[PDB]
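Residue-level structure breakdown
Letter by letter, the chains look like this.
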Number of protein chains: 2
Amino acid sequence: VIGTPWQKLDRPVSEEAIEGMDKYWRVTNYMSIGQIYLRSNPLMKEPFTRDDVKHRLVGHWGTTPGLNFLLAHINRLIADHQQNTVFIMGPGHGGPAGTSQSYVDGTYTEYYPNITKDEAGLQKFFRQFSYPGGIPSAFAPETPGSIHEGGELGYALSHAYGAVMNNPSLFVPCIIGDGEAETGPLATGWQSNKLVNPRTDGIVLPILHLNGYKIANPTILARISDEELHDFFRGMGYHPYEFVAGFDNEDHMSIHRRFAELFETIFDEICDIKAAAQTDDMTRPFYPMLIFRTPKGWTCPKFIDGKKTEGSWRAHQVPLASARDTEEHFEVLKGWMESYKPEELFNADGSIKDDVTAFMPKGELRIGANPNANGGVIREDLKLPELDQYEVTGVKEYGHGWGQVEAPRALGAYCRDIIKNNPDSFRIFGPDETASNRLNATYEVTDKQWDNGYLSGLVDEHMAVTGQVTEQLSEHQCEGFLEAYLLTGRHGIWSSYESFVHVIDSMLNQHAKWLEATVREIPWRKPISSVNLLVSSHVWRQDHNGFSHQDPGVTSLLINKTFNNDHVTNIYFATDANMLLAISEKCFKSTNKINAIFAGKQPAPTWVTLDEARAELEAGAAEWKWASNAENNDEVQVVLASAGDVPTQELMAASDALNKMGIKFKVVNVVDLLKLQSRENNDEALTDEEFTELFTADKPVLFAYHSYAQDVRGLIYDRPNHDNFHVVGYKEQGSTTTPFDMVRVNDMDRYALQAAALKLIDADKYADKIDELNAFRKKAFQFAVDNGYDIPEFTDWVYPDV
Amino acid sequence: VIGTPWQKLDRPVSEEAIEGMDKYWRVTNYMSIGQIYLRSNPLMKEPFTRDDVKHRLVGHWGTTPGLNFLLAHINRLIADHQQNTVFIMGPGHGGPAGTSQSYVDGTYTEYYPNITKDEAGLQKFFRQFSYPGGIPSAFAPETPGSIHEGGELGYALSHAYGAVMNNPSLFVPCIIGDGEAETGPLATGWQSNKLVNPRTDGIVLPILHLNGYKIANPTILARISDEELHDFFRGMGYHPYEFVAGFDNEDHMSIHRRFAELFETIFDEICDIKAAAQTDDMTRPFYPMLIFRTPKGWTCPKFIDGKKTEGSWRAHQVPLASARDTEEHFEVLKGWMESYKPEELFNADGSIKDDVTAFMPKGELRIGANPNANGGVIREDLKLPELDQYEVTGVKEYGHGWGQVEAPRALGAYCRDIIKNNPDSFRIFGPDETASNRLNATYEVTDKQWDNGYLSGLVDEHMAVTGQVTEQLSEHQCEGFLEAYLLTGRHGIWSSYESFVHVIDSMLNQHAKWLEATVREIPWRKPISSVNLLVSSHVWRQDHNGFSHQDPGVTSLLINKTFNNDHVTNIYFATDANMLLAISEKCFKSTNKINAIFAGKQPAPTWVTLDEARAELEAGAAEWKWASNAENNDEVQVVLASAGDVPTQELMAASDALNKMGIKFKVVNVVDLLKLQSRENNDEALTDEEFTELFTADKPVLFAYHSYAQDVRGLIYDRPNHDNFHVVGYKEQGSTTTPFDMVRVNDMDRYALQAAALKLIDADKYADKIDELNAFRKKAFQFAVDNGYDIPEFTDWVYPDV
Ligand SMILES: CC(=O)c1sc(CCOP(=O)(O)OP(=O)(O)O)c(C)[n+]1Cc1cnc(C)nc1N
Ligand SMILES: CC(=O)c1sc(CCOP(=O)(O)OP(=O)(O)O)c(C)[n+]1Cc1cnc(C)nc1N
Ligand SMILES: [Mg+2]
Ligand SMILES: [Mg+2]
Ligand code: NA
Ligand code: NA
């Protein structure tokens, strides 16, 4: 247990704490401006000159003094209440406030010993911000206290709420930009309070950083009427409080006293909600939220060159862009830095006075030190049930290609038992698709958590105020909840219809970049569990839906995060259920990855045994010797290669026809896609020798690919024999139609695959056979048209074991 | 002018109209169920049997009877008020309601002559829904009356609001799913009413289709309290009205009378708002919205096999899945279809009785016939200003490589004059980045439209209640507003920081698929203007931001919509301003495309004249002969090839050093990326002969690519000499740093490009030179570290003309 959670003070904030908060605010304002502007001479010792100003002024002042003010008060809160606390910096461009925070709390020097607590350290701290060889401009993963960089805006609230799931002692003040609140993902994020439980989860306090402006515009929320702003948050299930400061001549000490008192009313109400939830955990309370209305750029010069700067979008980035070049700008910078009176805040040796920091929390309650903000220090391996019990044994008993299993059901049974073994640290998310993607065996041990109205057991099933499944019709919520759940040291998986995974492409990009920075250069940030995404209800079998639901292209996005041997991205094609089991165990053990696990949920053949799946997964690609009919590679007329459940089904049927014609070939299945890349691009891929052994040195390869053929072409560009690969993939063809038609129109059906194989072998010789196969596809199509279902010869085919 | 806009009735709805609406509702319910279930015998003539039921039951009943009920009433409204009206079907899976609508209004038979108004036509209409060779399950572009398929949920409100911009006579009832309202994009969509003007734009009426459920869950909005739901919409600037029906025994005729009266109160208030706006166009009114609360699956059987179906998520897709197979299910289907009493709705010949349709609007007021729902019939070509006036003439006067022009500024001046010539039909959108991406010369003739509070000319600049620029911090709003603006026959452009274009990857996917279906098979849907996206503030120069803002990968998404010779996607790299001008004119003339226009906004050299840009754009790729030093292709030791402004700058400097070493090479610039593909993949690409002429038959090619090298590798896989291309692209390296460092860490800087060129030519011979170049990169880096700005030899370099 960290600290003493949800305790009220029952006394006013002390005058000593108010004095320390104003010193904090002034010192973090001063150091934030030093980080942006100063290359040397951080204490402005004589001579202080333009030569001390950075040649390239980059970074953001506007948001920053409001964040420094809240951080003073959140620090004071944490210390007085001993409250386990992670904050979210929605306006992540306020990096300097987050680095100042860590430098003041002592974690910066603890994690970065060269950046010491004295004039030499402070000089280096100022120079390195946004600087070549230095540190980023945003609240990056290399800052102690960050679980959310906030570079791409919109995910502040999904992260805040994912962090408090199953974390009942944790408090998350979530600082949201008022421009950020104009984004889609943030706008839906407010509604998460219908999906957390006040007894079993922790508490988010949204703080709207209503500074009136985004980069070059006012914001929507700051200019609507007060009555609309309050109704809006009340209608989203919050009790709105609002604080207004900085627009008149009110002295800063009164501002701190008024804010501390308000913040204590807010926290008392959170503590009442937490206490009440021990007895009534079914009534959804109105959680407080805070509207925090202060001037953008607060405490910078009111006007610069005749233009209003404090209280304006002009304060957004870097005021005084000529601070190095003019002297008029230099004098303004100088008076601005002086207004904080650093001579009272730093000792002669350049260490921050004890005065400034006596009110601060200590030890693991410090914002930089809390292990929830470095959740790998708390993560434990999952207690995984043995895989063998889930195996589809029909392939051992009856043969390769047996049955009509719905593959994700085996993963559901496995997830069920994971939740049973790990009842408060493994969650499932879905955007209203958990049952649709067949992971509903999980409901045998838990419910979808829903903290909003109930009506009737005739309609409410597998749903309760507490539980380990979470659904909301929003891929942004599912992805963002899961990310923070992982970043705070827990585990889980989510599932999405494949085409809609694209809604969150850009979130995958940011989490991949968080991982990249981390595996490269932040070894104190310990490994977290991986994002595990079941990509299902795929392009080939969207039976109730049509062309809008046919887009397997997240493969292609993921290919753009496969650099430098970071190894933070995996693309797996689950050939069948036993392959799915083997991939999933590996993903549930992995850390520091995004794993995209492709599987069909339609009834489908099971191809491999579990033991086979386990060996084939590890190689990445394997020959299926029981399916090949060639003696060796020299006798092979074509390589039949497949990635995905449906391409594999269609290639298998093609191999069966090709065998019966006396064509000699081998069958290669591809599971771990990126292991096709060269060793030069991927030090864990198949070696050239292993690749040649699979795909031959010079025979034609027919490659039937689940997604866009572009992917495979670009990946094998420098591989031996790559010029002989013919890649067939999805090509933007299809609609609401039968299963054969959907493969037919992309040349993916078995008849077209057989034809393509014949054509690669000898186009002249098999010209008639090819015609005949093409004519057969037409006839099968007409049959579907005339009759309403696919030709029995297509649907009834099973691979020659039985 | 269509109809008589914003006229009140000033009498009750007639009893004849109430009777016709109930007939409409019953006939569209009946035909929606026939489309899902019936392969033959649409009027259930003796014998009516399981043999008439589809073998594959696919499609969605749940949403559909609520949509049919609203459509009856929106039809009645349109007819009585003669109101120019386009509706949005947010729950686009309610396709059968939209096809029924068009069949009833007469547009279906007008656009599809084989689907006639009689028993044979009705039989074909039922069979073809979601059926091989037939029509889609959603409200697809091939349905008259659709400008929004609603397959991927979330964009209902951005489309509705983009449709009414500059469209002051148009009314858009926008039907929103209550599950759909849980998505990010829909949640922010509600706020668009702060960005439209009630005098110069038309009016959206949001209708929340609060049927209580999404696929397998209740919805958030349906289960919060009434007081929260009302406060929510009031806080977003609407006046909420709420209608509740279908949960008790109230007869259907009373339901219609109560709804018609409510809908007339709502429309009267819209008419008051419209009249008032003729005098006060600055006060933002509270626009009505409608909460429409009815049971999901309304009028289907209450219970099926002991499970509550009407009023449940169980009604979502296809009830009675065994209607063909059991007979118990068949009898239920039969009694359900009978409850609508089709014998009163259809004549003996199977035509819908005159009775049913006498209340309907006629001519171009019909929902299927309105030209706003087929906006290419109203689109006119833009009155474009002559391009030559914008040309950067510094290259003619001083030489290739001249100056420090910020390229998008020339496009801004051009957009400015487009708006001046086309003052109410060309709009600019930006997510708070119009000025940042340098398109602000537009503000010389118009303002950012903002219909929300004003404070002071000290802060409010270039902003007014009416204007042709729209900004909101939401890529989903910008993309969705623009799409509907185009679909209703107008024009525009938007700009985004390149990495954040990914927020809307999935919207690009759906608009590309809308285009694909349209250019393939819907010739009555006339061409619309293209999406024009300025992708700027790119990976190489994100100076105030860092690694989160470095992702050029939308190139890769776009590559997945380049099939079948649809030609609906373009990727252009604007080498400089004159190239940008030439691309932009072409994009502003094009139709039926998404055009991604890549350009840097940093100060940069201008390489080509405008006349040259115009010729080079058309070829797609060109040799820059004034830069090459080889006599012919046989004397070439390496091809220096570039796409993007910064790769080109770096390759140019490399060519200058290579020239001075006595290396022989040619320079090829790539503008129209997809013209690298083979003719087999792209019938408008460079022929093999033209490609060889550019890239030689067998010399090494160094290709410096703006985005991920994967793209170029996959595109040229079947090109002559492709094995000799070495593609250098962005490789997930960078942070907040100097411009040289950002190219350096991706091996894109001129020194690394020179080295790579040497290595391709003779690695052994130039081993020392390569070492020396690598050492120089280290020294340049140390210099940036020590000094705070890049080495003068790097920054001060200008191409040898002067
Ligand atoms: C940094 C960056 O790229 C910024 S900061 C900013 C304005 C934020 O205003 P807000 O009111 O939220 O914050 P404030 O500074 O506290 O006032 C924008 C539009 N952007 C570009 C941007 C665009 N779109 C998205 C999704 N994310 C970002 N970061
Ligand atoms: C069709 C499809 O793929 C549907 S329909 C649906 C539930 C919609 O409920 P809503 O309440 O909005 O509509 P209703 O039928 O009127 O009750 C979902 C989750 N989906 C999958 C889905 C997921 N995610 C996104 C972005 N779009 C879609 N279409
Ligand atoms: Mg702001
Ligand atoms: Mg619904
Ligand atoms: Na999105
Ligand atoms: Na998104």
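As summarised from the PDB record, the model derives from X-ray crystallography at a stated resolution of 2.10 Å.

As recorded by the PDB entry, chain A carries the name Xylulose 5-phosphate/fructose 6-phosphate phosphoketolase and is attributed to Bifidobacterium breve. Here is the UniProt Sequence similarities (unreviewed entry) comment for chain A, exactly as written: "Belongs to the XFP family." According to the UniProt record, the Cofactor (unreviewed entry) comment for chain A reads "thiamine diphosphate".

1. Some remarks on the site of ligand 1
Neighbouring ligand 1 are 26 residues, the closest being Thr63(A), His93(A), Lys296(A), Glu475(B) and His549(B). Each of chains A and B places residues near ligand 1. At 2.9 Å, a side-chain N or O of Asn211(A) approaches an oxygen atom of ligand 1. Between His549(B) and ligand 1, the recorded distance is 2.4 Å, taken from a side-chain N or O atom to an oxygen atom. Class assignment for the residues of the shell around ligand 1 results in 8 nonpolar, 10 polar and 8 charged.

2. Let's talk about the coordination of the sodium ion (ligand 5)
With distances of 2.4 to 2.9 Å, the protein atoms coordinating the sodium ion (ligand 5) are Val503(A) (O), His476(B) (NE2) and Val503(B) (O). The distance between the sodium ion (ligand 5) and the sodium ion (ligand 6) is 1.8 Å, with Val503(A) acting as a donor to both metals. On the criterion of sequence distance, the pair formed by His476(B) in helix α15 (residues 475-487) and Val503(B) in the loop between β13 (491-497) and α16 (505-521) is long-range, its members being 27 residues apart. Look at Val503(B) and you get buried, because its relative accessible area is 7%.

3. Considerations on the environment of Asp634(A)
Residue and element names in this part refer to chain A. Structurally, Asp634 is set in the loop between β18 (621-623) and β19 (638-643). Its relative accessible area of 68% is what places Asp634 among the exposed residues. Taking C-alpha positions, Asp634 is 70 Å from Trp313, a pair spaced 321 residues apart along the chain.

4. Remarks on the pattern of salt bridges
Enumeration over the complete set of coordinates arrives at 94 salt bridges over all chains. Residue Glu406(A) is joined to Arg409(A) by a salt bridge in which the shortest nitrogen-to-oxygen separation is 2.7 Å. A salt bridge links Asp741(B) to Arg744(B); its shortest N-O distance comes to 2.8 Å. In this pair, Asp741(B) and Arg744(B) are both assigned in helix α23 (residues 739-745), 3 residues apart and thus about one turn of the helix distant. The same class applies to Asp741(B) and to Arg744(B), which are both buried. Three or more residues joined by partner-sharing salt bridges are found here, namely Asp231(A), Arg234(A), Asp231(B) and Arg234(B).

5. Digging into the sheet that holds strand β5 (residues 287-293) of chain B
All names here are of chain B. Within the open sheet, the 5 strands sit side by side as β1-β2-β3-β5-β4. Their pairing is parallel. Strand pairing shows two members of the sheet lacking a second neighbour, β1 (88-89) and β4 (238-244), which therefore form its edges. Sheet analysis places β4 next to β5, joined by 7 bridges and oriented parallel. For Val244, the partnering residue across the bridge sits in β5 and is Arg293. Contacts from helix α6 (residues 156-164) reach β1, β2 (171-177), β3 (203-210) and β4, with the element oriented near 175 degrees to β2. Where helix α10 (residues 252-277) meets the sheet, it contacts β2, β3, β4 and β5, and its direction lies at approximately 170 degrees from that of β4.

6. Notes on the interface of chain B and chain A
Across the boundary between the two partners, chain B contributes 128 residues, which contact 128 residues of chain A. Roughly 10,300 Å² is buried in total at the junction of chain B and chain A, and carbon and sulfur atoms are behind 54% of that figure. Linking chain B with chain A are 16 salt bridges. Scanning the region where chain B abuts chain A turns up 80 residue pairs in polar contact. Of all the secondary-structure elements, those providing two or more residues to the side of chain B that touches chain A are α7 (184-189), α8 (220-223), α9 (226-235), α16, α17 (554-559), α22 (709-715) and α25 (767-787) of chain B. Of the residues that constitute the side of chain B that touches chain A, the class distribution is 47 nonpolar, 48 polar and 33 charged.

7. Observations regarding the sheet that holds strand β21 (residues 701-705) of chain B
Residue and element names in this part refer to chain B. Read across the sheet, 5 strands follow the order β18-β20-β19-β21-β22 without closing on themselves; strand pairing throughout is mixed. Bordering the open sheet on either side are β18 (621-623) and β22 (725-728), each of which pairs with just one other strand. The average undirected angle you get between the axes of adjacent strands in this sheet is 20 degrees. Here β18 pairs with strand β20 (residues 665-670) via 3 bridges, running antiparallel. Its bridge partner being in β20, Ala621 is matched across the sheet by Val670. Along the sheet face, helix α20 (residues 645-661) touches β19 (638-643), β20 and β21 and points at about 160 degrees away from the line of β19. Sheet strands in contact with helix α24 (residues 750-762) are β19, β21 and β22, and its direction is about 155 degrees off that of β21.

8. What about α6(B)?
Residue and element names in this part refer to chain B. Burial runs high along α6: 9 of the 9 residues are buried. For α6, every residue scored as buried is listed here: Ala156, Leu157, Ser158, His159, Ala160, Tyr161, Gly162, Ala163 and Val164. Immediately beyond the C-terminal end of α6, within one or two residues, lies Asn166, with a positive phi of roughly 45 degrees.

9. Regarding the packing of helix α1 (residues 15-37) of chain B against α10(B)
All names here are of chain B. Here α1 crosses α10 at 115 degrees, and the two axes come no closer than 10 Å. The element α1 and its partner α10 pack so that their crossing is right-handed. On α10, the residues touching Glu15, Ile18, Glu19, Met21, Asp22 and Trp25 of α1 are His252, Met253, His256, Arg257 and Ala260. Here the residues of the contact of α1 with α10 sort into 5 nonpolar, 2 polar and 4 charged.

10. Concerning a negative patch on the surface
Residues and elements named next belong to chain A. A cluster of acidic residues, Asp305, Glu328, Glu331, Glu338 and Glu343, forms a negative patch on the protein surface. Within the secondary structure, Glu331 sits in helix α11 (residues 328-338). Accessibility expressed as a relative area gives 41% for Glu331, which makes it partly exposed.

11. Here we look at the site of ligand 2
Around ligand 2, the surrounding shell holds 26 residues, and the nearest of these are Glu475(A), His549(A), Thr63(B), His93(B) and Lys296(B). Residues within reach of ligand 2 are spread across chains A and B. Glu180(B) places a main-chain nitrogen or oxygen 2.9 Å from an oxygen atom of ligand 2. The side chain of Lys296(B) places a nitrogen or oxygen atom 2.7 Å from an oxygen atom of ligand 2. For ligand 2, whose free accessible area comes to 650 Å², the fraction covered by protein is 98%. By residue class, the composition of the shell around ligand 2 is 8 nonpolar, 10 polar and 8 charged.

Procedures and definitions
- Residues numbered from 1 in each chain as written, not as in the entry; some residues may be left out.
- Chains lettered and ligands numbered in written order.
- Heavy atoms only, no water.
- UniProt positions renumbered as here; feature names shortened; annotations may be inferred.
- Near = heavy atom within 4 Å.
- Polar contact = N/O pair within 3.5 Å; in protein donor to acceptor, adjacent residues only side chain to side chain.
- Nonpolar A, V, L, I, M, F, W, Y, C, P; charged D, E, K, R; others polar.
- Donors = N, O, S within 2.8 Å, 3.2 Å for Na, K, Ca; no water.
- Helix = DSSP H or I, 4+ residues; strand = E, 2+ residues; numbered from the N terminus.
- Buried < 20%, exposed > 50% of the residue type's maximum accessible area, 1.4 Å probe, protein only.
- Salt bridge = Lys/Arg side-chain N within 4 Å of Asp/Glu carboxyl O.
- Pairing = 2+ DSSP bridges.
- Contact = heavy atoms within 4.5 Å.
- Axes fitted to C-alpha atoms, helices over the stretch in contact; angles between N-to-C directions.
- Buried area = accessible area lost by both parts, 1.4 Å probe.
- Left-handed = near helix turned anticlockwise from the far one by under 90°.
- Patch = residues over 30% accessible without salt bridge, like charges linked within 9 Å, V, L, I, M, F, W, Y side chains within 5 Å.
- Areas by Shrake-Rupley, 256 points an atom, 1.4 Å probe, with all protein chains shown as cover.
- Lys, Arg positive; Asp, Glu negative; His and termini not counted.
- Charge placed at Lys NZ, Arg CZ, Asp CG, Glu CD.

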